[PDB]
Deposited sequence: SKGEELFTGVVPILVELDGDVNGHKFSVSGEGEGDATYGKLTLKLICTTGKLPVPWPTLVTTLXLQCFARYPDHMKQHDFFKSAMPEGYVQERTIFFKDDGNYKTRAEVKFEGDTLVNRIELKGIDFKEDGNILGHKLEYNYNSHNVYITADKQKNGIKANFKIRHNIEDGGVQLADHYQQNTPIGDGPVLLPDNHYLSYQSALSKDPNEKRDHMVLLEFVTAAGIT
């Protein structure tokens, strides 16, 4: 099982994100582990530049779908593991309704025994007292299904999905996600049948940590084979 063998145990994870939203620069550094057997991802993400100038929930989708649990019946549809260890590029555009947009490029690959995600994020067209730069989003997260389809012509996959962020005063901030993933290698990859990834996301704090940070626990399971 090419790539899948790399994910049979607990894999250490490093995340490094360099961000600029409306000219406000920030870096995020993350450490944790992934246990694909259980679809389990645990990360502690730290803003190393001081105060994060956007809400932590707006970066959850950006901050390792190779840790999704594909049931045994669906192992032929797992593109993300098939691209390893050479890895893949994930690009997203995220449009916040009635606000700005994020454009992200991430390179997901192994460095020795460690799965690394090097991410660059650029945000433009935000309102200074909107929900994002105004910090008006709740520190919580809704379950959602991500529909995956083959992009046969780009030897990869695509996905589009809607995230609803809870606004403090009540109401929801829509974030429309458009995603493409392409392998880094010329190694063969699995191009899947349509399916979805079911996400459950839990956000918390390390009570001992004084820097601006997010503890992220997520469980991701492939489904949607009719």
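If a residue lacks a C-alpha atom here, it counts as unmodelled; so which stretches of the deposited sequence fall into that category? 64 is the sole stretch of the deposited chain that has no C-alpha coordinates in the structure.
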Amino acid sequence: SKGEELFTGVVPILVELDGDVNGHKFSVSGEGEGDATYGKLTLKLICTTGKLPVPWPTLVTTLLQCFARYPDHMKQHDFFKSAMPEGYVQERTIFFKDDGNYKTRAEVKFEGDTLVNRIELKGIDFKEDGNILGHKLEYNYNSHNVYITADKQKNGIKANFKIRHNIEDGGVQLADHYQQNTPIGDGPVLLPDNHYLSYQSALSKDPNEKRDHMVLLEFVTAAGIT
From here on, numbers count along this sequence of modelled residues.
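Given the B-factors recorded for C-alpha atoms, which segment has the greater mean, 139 to 147 or 98 to 106? If you average the C-alpha B-factors of 98 to 106 and of 139 to 147, the larger mean comes out for 139 to 147.
Which wins on mean Cα temperature factor, 71 to 79 or 119 to 127? Higher mean C-alpha B-factor in the PDB entry: 71 to 79.
Per the PDB entry, which option out of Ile184, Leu59, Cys66, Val28 has the greatest Cα B factor? Reading the PDB entry, the winner on C-alpha B-factor is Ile184.
Which has the highest CA B-factor per the PDB entry: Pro55, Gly170, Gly32, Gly39? Going by the entry's C-alpha B-factors, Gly170 comes out highest.
Please say which third, lowest, middle or highest, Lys51 falls into when its CA temperature factor is compared across its chain. Highest third of the chain for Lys51's C-alpha B-factor.
Record-listed C-alpha B factor of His213: chain third: Within its chain, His213 is a lowest-third residue by C-alpha B-factor, going by the deposited values.
When the modelled residues of the chain are sorted by Cα temperature factor, does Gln200 land in the lowest, middle or highest third? CA B-factor rank for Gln200: highest third.
Going by the CA temperature factor in the PDB record, which third of the chain does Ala159 belong to: lowest, middle or highest? For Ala159, whose C-alpha B-factor we compare with every modelled residue in the chain, the answer is the middle third.
Can you work out whether the C-alpha temperature factor of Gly23 puts it in the lowest, middle or highest third of the chain? Within its chain, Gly23 is a middle-third residue by C-alpha B-factor, going by the deposited values.
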